[PDB]
Amino acid sequence: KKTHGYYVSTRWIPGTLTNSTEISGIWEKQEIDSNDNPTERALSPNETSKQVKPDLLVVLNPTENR
RNA sequence: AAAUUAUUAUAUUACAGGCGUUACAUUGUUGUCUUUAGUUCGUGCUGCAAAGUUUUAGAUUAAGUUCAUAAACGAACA
Ligand SMILES: [K+]
Ligand SMILES: [K+]
Ligand SMILES: [Mg+2]
Ligand SMILES: [Mg+2]
Ligand SMILES: [Mg+2]
């Protein structure tokens with residue numbers, strides 16, 4: 001919340017990054033400006049299926065998240 | 001403009017007809033049982049590879065009954 005980031009506390013689905021289109025394509029994306037405010041522009045179906053890859057991954061328990 | 005064509009009857013010959021054979025040559029239908037949370041496809045992942053996809057020989061119910069879970073995640077039909 002304080003970094004405007006994302007988190008996963010329940011389970012890492014194997015393939016979330018390598019098989020992203022079969023796992024995360026259905027979920028909604030949004031466009032934001034430099035102030036992190038939603039632009040409200042409707043997204044083309046092309047832009048809503050593209051993989052959205054994290055720029056940085058922080059892992060609290062790496063021994064259980066190989 | 002008497003020949004043509006229609007119908008009908010008769011005749012003619014290819015045949016028609018056959019509960020004749022063959023359900024073990026067939027269409028279709030039906031009887032009986034059984035498997036029917038199972039197949040294939042897509043992507044991902046493991047193994048040099050043929051292959052495998054792993055927890056799990058999960059829990060629960062009279063029973064897929066209901067639920068949980070795993071490097072797997074979906075889709076499609078059963
Ligand atoms: K017979
Ligand atoms: K496969
Ligand atoms: Mg005959
Ligand atoms: Mg007879
Ligand atoms: Mg290989």
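Letters A, B, ... are given to chains in the order of the sequence lines, protein chains preceding strands, and every chain is numbered from 1.
Around the NZ atom of A/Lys29, the shell of radius 6.0 Å holds more than 12 heavy atoms that belong to other residues, nucleotides or ligands. Shown here is A/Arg41, whose CZ atom has more than 12 heavy atoms of other residues, nucleotides or ligands within 6.0 Å. Applying the 6.0 Å contact sphere to CG of A/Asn61 captures more than 12 heavy atoms from other residues, nucleotides or ligands. Under a cut-off of 6.0 angstrom, the local environment of CG in A/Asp36 is crowded, with over 12 non-hydrogen atoms contributed by other residues, nucleotides or ligands.
Counting to the nearest Å, the P atom of B/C73 and the CD1 atom of A/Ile23 are 8 Å from each other. For the pair A/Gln51 CD and B/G44 P, the interatomic distance rounds to 11 Å; values are reported in whole Å. If you take CH2 of A/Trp27 and P of B/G74, they are 9 Å apart, rounded to a whole angstrom. A/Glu64 places its CD atom 11 Å from the P atom of B/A71, with the value rounded to the nearest Å.
For the strand neighbours B/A37 and B/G38, base stacking is absent under the 5.5 Å centre-distance and 30-degree plane-angle rule. Annotated as stacked: the bases of B/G44 and B/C45, by the 5.5 Å centre and 30° plane rule. For the adjacent pair B/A75 and B/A76, the base rings count as stacked: centre distance under 5.5 Å, plane angle under 30°. Stacking of the bases of B/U35 and B/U36 is indicated, with six-membered ring centres separated by less than 5.5 Å and ring planes inclined by less than 30°. Bases of consecutive nucleotides B/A70 and B/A71 are unstacked, their six-membered rings not being centred less than 5.5 Å apart at a plane angle below 30°.
Judged by the sign of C1'-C2'-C3'-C4', B/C19 carries a south-puckered sugar. A south sugar is assigned to B/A23: the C1'-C2'-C3'-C4' torsion is negative, on the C2'-endo side. Pucker check on B/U5: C1'-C2'-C3'-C4' positive, sugar north. In B/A71, the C1'-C2'-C3'-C4' torsion is negative, which places the sugar in the south family. Using the sign of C1'-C2'-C3'-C4' as the criterion, B/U54 is classed as a south pucker.
The gap from the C1' atom of B/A62 to that of B/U29 amounts to 36 Å, rounded to the nearest Å. A distance of about 23 Å separates the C1' atoms of B/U22 and B/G31, rounded to the whole Å. Taking atom P on both nucleotides, B/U27 is separated from B/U60 by 50 Å, rounded to a whole Å. A gap of 14 Å separates the P atoms of B/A78 and B/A37, to the nearest Å. Taking atom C1' on both B/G47 and B/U53, the two are 11 Å apart, rounded to the nearest angstrom. Nucleotides B/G42 and B/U30 place their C1' atoms 41 Å apart, quoted to the nearest Å. When the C1' atom is used for both B/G18 and B/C33, the distance is 40 Å, rounded to whole Å. Rounded to a whole angstrom, the distance from the P atom of B/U21 to that of B/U36 is 45 Å.
Interatomic distance, OG1 of A/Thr18 versus CD of A/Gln51, reported as 9.0 Å (0.5 Å rounding).
With a 3.5 Å limit on both pairing distances and Watson-Crick or G-U wobble geometry required, the stems of 3 or more pairs in RNA chain B span B:41-43 with B:72-74, B:44-46 with B:51-53.
Without hydrogens or angle criteria, A/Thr39 side chain to A/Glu31 main chain gives a donor-acceptor distance under 3.5 Å. A/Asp33 contributes a side-chain N or O that, together with a main-chain N or O of A/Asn35, makes up a donor-acceptor pair within less than 3.5 Å.
Side-chain atoms of A/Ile13 and A/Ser24, non-hydrogen and from C-beta on, never get closer than 4.5 Å to each other.
Across A/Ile23 and A/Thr16, no two heavy atoms sit closer than the pair CD1-N, 3.7 Å.
Glycosidic torsion of B/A70 falls outside 90° of 0, placing the base in anti.
At a non-hydrogen distance threshold of 4.0 Å, A/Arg11, A/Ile13, A/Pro14, A/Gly15, A/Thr18, A/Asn19 from residues 11-21 of chain A come into contact with RNA chain B.
In the model, A/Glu22 has no side-chain atom that pairs as donor or acceptor with a side-chain atom of A/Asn19 under 3.5 Å.
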